[PDB]
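Following: one structure in structure tokens, then a few remarks.
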Number of protein chains: 2
Amino acid sequence: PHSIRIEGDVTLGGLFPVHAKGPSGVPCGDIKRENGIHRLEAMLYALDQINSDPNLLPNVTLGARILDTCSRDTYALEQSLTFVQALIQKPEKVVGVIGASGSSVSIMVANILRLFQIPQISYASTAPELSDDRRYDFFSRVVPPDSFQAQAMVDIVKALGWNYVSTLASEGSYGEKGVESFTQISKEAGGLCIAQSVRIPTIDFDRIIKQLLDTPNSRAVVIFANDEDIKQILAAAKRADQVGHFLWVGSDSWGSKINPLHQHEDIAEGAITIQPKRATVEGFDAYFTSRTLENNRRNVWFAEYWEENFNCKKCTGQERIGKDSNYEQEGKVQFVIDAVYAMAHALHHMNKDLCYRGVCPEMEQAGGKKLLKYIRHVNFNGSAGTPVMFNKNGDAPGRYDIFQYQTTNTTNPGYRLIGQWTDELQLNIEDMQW
Amino acid sequence: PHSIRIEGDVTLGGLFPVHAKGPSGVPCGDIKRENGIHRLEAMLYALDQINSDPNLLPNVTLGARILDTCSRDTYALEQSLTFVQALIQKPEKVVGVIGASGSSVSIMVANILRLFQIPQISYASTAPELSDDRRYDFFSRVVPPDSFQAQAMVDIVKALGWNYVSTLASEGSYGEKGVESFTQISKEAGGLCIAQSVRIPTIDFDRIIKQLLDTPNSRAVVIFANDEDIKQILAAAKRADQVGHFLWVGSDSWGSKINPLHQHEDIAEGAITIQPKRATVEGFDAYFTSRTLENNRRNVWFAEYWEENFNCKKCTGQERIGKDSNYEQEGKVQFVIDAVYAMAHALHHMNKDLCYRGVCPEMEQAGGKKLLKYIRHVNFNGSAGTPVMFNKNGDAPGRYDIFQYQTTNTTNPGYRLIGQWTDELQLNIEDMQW
């Protein structure tokens with residue numbers, strides 16, 4: 001068994017990073033809970049609701065064929081061939097694919113499905129590259145791209161009277177190409193000269209702050225760093241005794257997260273962050289925690305996950321998920337589910353239009369060319385009361401929540417909502433405090 | 001059974017247009033002998049010789065997995081998935097693919113194999129589009145592209161003092177894009193103004209000559225027409241009483257063929273044609289004719305072919321291929337075989353370099369990235385004593401034989417060798433006669 005297979009009149013493809021990118025030679029690494037098991041389980045949860053929804057796809061049951069990305073393009077590409085296993089001879093009629101976490105993977109997959117006119121909806125890929133609806137015409141993303149985020153950041157930088165900014169992107173996909181967007185959006189706009197562009201892959205981190213203070217005029221540092229990388233730049237900057245000198249503008253990797261802010265409260269004070277308009281799905285919380293080994297067979301990775309989540313093998317007991325006093329939930333679950341809904345709403349819209357009782361031959365063609373024309377024109381309330389739609393390029397419109405960290409008053413300890421970015425920039429300057 | 005499968009240590013992919021492009025809805029049409037069965041049988045013949053060759057791949061047997069293109073891109077694309085059937089679980093280790101007749105198909109296939117780093121060698125696709133070694137980096141062609149042919153035609157047009165030419169391309173792939181090359185090669189060069197560009201899909205043909213005589217200054221007509229289309233333009237022009245007015249410059253579709261020249265001897269007189277340096281494989285002629293229904297089981301389409309070649313079902317008798325007094329051989333067989341050799345020579349070169357006794361794990365990786373680097377650096381005598389190689393773009397260098405039809409003397413009735421096009425233009429003007 002190399003996958004999860006739920007049977008249904010129509011089947012939805014799944015690609016999740018269940019396993020981390022293993023070392024050189026070894027294809028799959030350790031299991032990754034929050035990013036692979038959680039997001040995975042979210043789809044299963046989402047499909048459950050759809051299949052139980054009497055108002056949506058009332059006579060057409062949805063199936064699942066979730067597969068392991070293993071955080072590798074080549075791996076997910078060969079893994080995607082099963083979403084085409086029907087085209088050669090119970091046969092699976094894959095109708096669309098819940099696109100992968102990780103753009104470099106997502107592109108690799110958005111290449112076979114493009115050829116088989118299979119439409120795809122990612123939940124995590126934000127690389128501005130994927131917005132080329134010509135190179136990737138069947139791809140669409142339920143998260144917005146980093147370009148929107150960058151324009152938002154340029155908008156905030158522009159509105160505070162900063163024409164000398166600095167960038168600091170974590171070496172990798174998310175970091176580099178996102179900071180590039182900013183660069184280009186800065187070039188195209190007014191030209192808020194970028195002093196330095198530091199690319200970070202704690203001795204080295206102290207050199208980063210040393211290289212940044214090299215341009216002491218560069219007040220503001222635009223950050224596109226991984227979760228710990230922010231924490232390790234801050235600690236480096238506090239060590240550099242640089243409290244309230246730097247003007248942090250953080251990407252969505254930062255957001256309203258207090259974890260990179262522990263002990264780093266003084267230096268981080270007044271940092272600006274853009275978190276996508278997100279909310280936590282209330283129903284799904286009671287679900288994931290419910291899952292035992294005896295009941296949750298569905299998840300063909302759950303015994304593997306169980307041995308890791310609790311660190312065990314002896315492991316006899318199912319009530320164990322109560323042990324999470326060190327480990328909490330996972331964000332971006334709202335998106336996964338929504339992508340699954342974006343598919344289910346499109347299919348249901350395709351049904352009342354072409355069908356008969358249910359799943360007619362007139363639609364059956366596995367022509368996602370018409371379904372793509374439906375996924376794109378899909379505009380409904382999502383799993384958290386946040387609208388779900390796409391532009392002509394297939395990226396979801398970027399609606400954000402600009403936050404700023406404050407410490408002064410006991411009426412202000414934490415992230416304050418400085419403004420929003422629907423597409424026009426909303427930013428309050430009396431509510432701001434550095 | 002949907003294919004031919006010969007087992008071997010290493011297996012070579014095959015895609016042939018066994019069946020014509022059926023009507024709207026119906027995927028496969030009738031069988032096509034010369035273009036589907038012949039070319040198909042050539043590969044089988046070619047692989048036989050390689051597998052029997054003690055000097056080439058001496059301990060590594062080559063297998064075959066030939067498949068029906070059915071003259072359709074979508075069809076051949078889904079047909080190509082078997083060349084990847086190994087990547088999910090006797091398993092077949094496909095190493096390369098003998099690329100399809102028909103560029104629009106060839107591109108569609110050069111899209112999955114590109115993704116699976118499977119190298120491919122076409123035998124018939126000449127669309128100048130495929131020379132983009134970036135968009136098609138694993139594709140290579142044992143025939144030259146039409147661009148070479150076009151530059152040759154411009155070279156001949158340039159050397160005869162013609163700055164006013166006309167074009168006439170058959171509506172389709174081969175016709176249009178080839179005539180476009182000429183247009184561009186004319187634009188880039190000296191600018192031999194094109195009067196009209198007639199695209200032909202015998203009342204209509206007489207209108208073609210009517211539209212062509214509209215620019216009576218346009219002495220020369222550059223033709224990229226299908227085999228009968230030339231015959232139907234000539235008959236149209238003779239009816240138009242236009243003997244020795246037009247100056248035909250014919251593409252490789254014309255060549256040294258007397259079939260479009262029956263009764264049309266007077267109008268066609270002096271026409272210039274470019275035939276690729278080709279010769280007929282002596283061994284293979286005695287092979288194809290040998291094939292009976294009882295012996296030749298190998299060919300999973302041969303019973304279907306047999307019922308068509310002789311028009312029968314009653315059909316009891318194997319000695320029947322003697323009935324060919326109306327139907328002869330098939331050209332371009334030299335190319336197919338050569339492509340198969342181009343693969344076998346590359347594999348053998350890859351073996352002595354990486355291997356052990358035979359088919360080592362150190363090469364086994366099905367990484368055609370290194371094999372592509374071998375196919376490209378392959379330079380040997382082909383199946384007809386005509387060198388086989390590739391440029392950095394993967395197209396075989398264009399070596400041609402410029403012919404001209406003559407009728408005057410009984411020492412000259414037929415196509416005379418006016419010159420050659422290795423890359424520098426060779427053209428004799430005393431040997432020419434209109």
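Here's how to read the names in the structure tokens: chain A, B, ... by the order shown, residue numbers from 1 in each chain, ligand numbers from 1 in the order shown.
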
Residue list for chain A near chain B as a PyMOL selection string, 12 Å, only C-alpha atoms: chain A and resi 1-3+73-89+107-117+135

Per-residue DSSP, stretch 171-265 of chain A, filtered to helix (DSSP H, G or I), as a PyMOL selection string: chain A and resi 173-188+203-212+227-239+259-261+265

Shell of 12 Å around residue B:283, only C-alpha atoms, local chain residues under 4 positions omitted, as number ranges by chain: B: 42, 45-46, 48-49, 287-290, 333-334, 337, 383-384

Could those selected residues go to a file with C-alpha atoms, as a compact mmCIF listing (two decimals), in the first residue's frame?
# COMPACT_ATOMS: atom_id res chain seq x y z
CA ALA B 42 11.71 -1.34 -40.07
CA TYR B 45 14.19 -5.29 -38.55
CA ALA B 46 16.69 -2.74 -37.19
CA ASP B 48 17.05 -7.65 -35.06
CA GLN B 49 20.34 -6.63 -36.66
CA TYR B 287 12.72 -8.98 -45.09
CA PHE B 288 9.35 -7.18 -45.28
CA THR B 289 8.21 -9.22 -48.31
CA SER B 290 9.19 -12.41 -46.46
CA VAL B 333 12.84 3.44 -44.04
CA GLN B 334 16.55 4.30 -44.02
CA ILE B 337 16.44 2.09 -38.89
CA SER B 383 21.93 1.80 -42.72
CA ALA B 384 22.65 3.10 -46.24

Spatial neighbours of residue A:433, 12 Å, only C-alpha atoms, chain gap at least 4 places, as an MDAnalysis selection string: chainID A and resid 244 247 268:272 403:409 412:418 428:429

Between atom CA of residue A:8 and atom CA of residue A:54 - distance in Å to one decimal: 15.7 Å

Residue with smallest distance to residue B:375 - pool B:53, B:146, B:282, B:338, counting only C-alpha atoms: B:338

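Coordinates place atom CA of residue B:161 at a distance of 16.3 Å from atom CA of residue B:187.
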
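Among the candidates B:307, B:395, B:353, B:430, the one nearest to residue B:143 when counting only C-alpha atoms is B:395.
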
Nearest-residue call for residue A:382, choices A:279, A:363, A:402, A:28, using only C-alpha atoms: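 Result for the nearest residue to residue A:382: A:279.
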
Residues near stretch 222-229 of chain A, cut-off 6 Å, only C-alpha atoms, skip fewer than 2 positions along chain, as an MDAnalysis selection string: chainID A and resid 166:170 175 231:232 249:251

Backbone DSSP call of strand (DSSP E or B) for stretch 131-350 of chain A, listed as number ranges by chain: A: 139-141, 165-170, 194-200, 220-224, 247-250, 272-276
